[PDB]
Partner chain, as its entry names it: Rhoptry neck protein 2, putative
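Just one chain is shown here, as structure tokens, and it is the form deposited without the partner chain.
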């Protein structure tokens, strides 16, 4: 009776929101796997979806030589000796080829021209590049450890991050703006900003295993005009009707989008199972309460239906603030189904929910599926 599971076109579309199914790992901190280097088992990011706007914010001293930018090269021994504690620089792999050719960041133009790179989108080409890049051990032998990446979609640069850590905190473990001075590491944590670094896309290398998969399987963009919901008692209940939903006031829809990533319940693999598998309070929407206040509803329930609401926007921890598809995830061949028709289009009513005294109404309006309770 659920229209969003009724026809396959609808089902397929709704699948992209199931981060347990496709992404399958932590989002805030992604450490879903473990791989051996130099006889040592290291935690490895593993998630299959790109995480839009995610960046790692550093807490280095606010002064030279420190840049507080995780895309800077990992420091050389000499740079570290020059700075003293904490480590300066960032997370970027600083290695060069036997030629002396820099490995990261790597320009998308060269990946586009590399016949061995099969992905059909620039974001996919970066992920594939990361998937085909493995850590070399102390004996310069290949391992199965793959570094995570950041795609800089503005500069069209693919960063391979030698530092795969995503969160460190506590004065026992790391320093904030140089205090305690005895510690090697500065503190850092993942972040999404209402205004900054929307052009940065974080991912595990395993986004690149089947590079074109994220296009259909991942909730890359915000969804305008609908509230996420769950099919219960023959109708679609948006999150505000569920008991375990967190509802909070926000000043803007972008604050809500940030909350779906930064709230304490988001899928995360950090100590800090320790393997979330993608389970978590990853889902939310902005809406306007009857009193006119902007609010944000957050849930760990994977949506399986939608409720129409022209003033709402549904977000996930994985996706972007924008509802608009950017050109760097539109495939350059016609075989791969593009990311964007699923919700276009008889007035259908459903059995009365006596418990709430409302009924489903599934219709078509403005060439677009309506779904509400009456």
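Numbering follows the first chain given and starts at 1. Note that the rigid core is defined as the largest set of C-alphas that superpose within 1.5 Å between two forms.
Not pictured, yet referred to below: the form deposited with the partner chain bound.
Although the partner chain is omitted here, in the bound PDB entry all of 42, 76 and 94 have a heavy atom within 4.5 Å of it. Look at 229-237, 169-177, 193-201, 285-293: in the bound PDB entry, residues with non-hydrogen atoms within 4.5 angstroms of the partner chain sit in 169-177.
The contact with the partner chain in the bound PDB entry, taken as any heavy atom within 4.5 Å, belongs to 132 out of 189, 275, 132, 155. Under a 4.5 angstroms non-hydrogen atom cutoff, the partner chain in the bound PDB entry has residue 37 among its neighbouring residues. Interface residue remark: residue 31 is counted as part of the site for the partner chain in the bound PDB entry, having a heavy atom within 4.5 Å. The partner chain is not drawn, but in the bound PDB entry it has no heavy atom within 4.5 Å of residue 206.
When contacts are judged by a 4.5 Å heavy atom cut-off, residue 145 counts as touching the partner chain in the bound PDB entry. The residue among 249, 118, 171, 138 whose Cα moves by 2 angstroms or more between the shown form and the other one, once the core is superposed, is 138. Core-superposed comparison between the shown form and the other one: the Cα of residue 64 travels less than 2 Å. Residue displacement note: residue 333 has its CA displaced by at least 2 Å between the shown form and the other one (rigid core superposed).
Relative to this conformation, an increase of 3 Å or more in the Cα-Cα distance between residue 140 and residue 81 is found in the bound PDB entry.
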